[PDB]
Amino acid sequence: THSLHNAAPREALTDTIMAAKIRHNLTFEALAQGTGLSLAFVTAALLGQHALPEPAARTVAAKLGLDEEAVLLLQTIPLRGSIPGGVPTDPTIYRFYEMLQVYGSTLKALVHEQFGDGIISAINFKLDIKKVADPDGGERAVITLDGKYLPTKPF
């Protein structure tokens, strides 16, 4: 399928997609329903980080009232990267960067202990966010990272 070499074309669509989302007062849950795909995937595709299959591109473009160029651009493989500069300053995103700072060594250590030499894939990967109640009062986020284990074996 067709791929994009830079991020500028998908950044403009995301600014157009978000404009329609705010003006029509739509949610990402509403946009992803009837597409057959997960919430995290469809939202990422709208933010220019994934390619939508052709039916989902038409389903989302109908809800937002998007052009036919918008349906074509939503199906293209993007140049991924959502944090300009690599390190964010926005507090909501930074907390996930901070988690990586404290538990980065720990994740590597436990992956090599429980799985072995290799990586936990970010491509053969599924992401899910779930809202749960805190037994001590309040709400909690339970973000799940599901990656296939790729071993590094000697050659």
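From 1 onward, residues are counted along the sequence shown.
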### Message
Tell me which stretch, 24-32 or 88-96, has the higher mean Cα B-factor listed in the entry.
### Response
24-32
### Query
Averaging C-alpha B-factors over each stretch, which comes out higher, 36-44 or 50-58?
50-58
### Message
Ranking every modelled residue in this chain by its Cα temperature factor as given in the entry, which third contains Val132?
### Response
middle
### Task
Check where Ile17 lands among this chain's C-alpha B-factors and tell me if it's the lowest, middle or highest third.
highest
### Query
Against its chain's modelled residues, does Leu66's Cα B factor rank lowest, middle or highest third?
highest
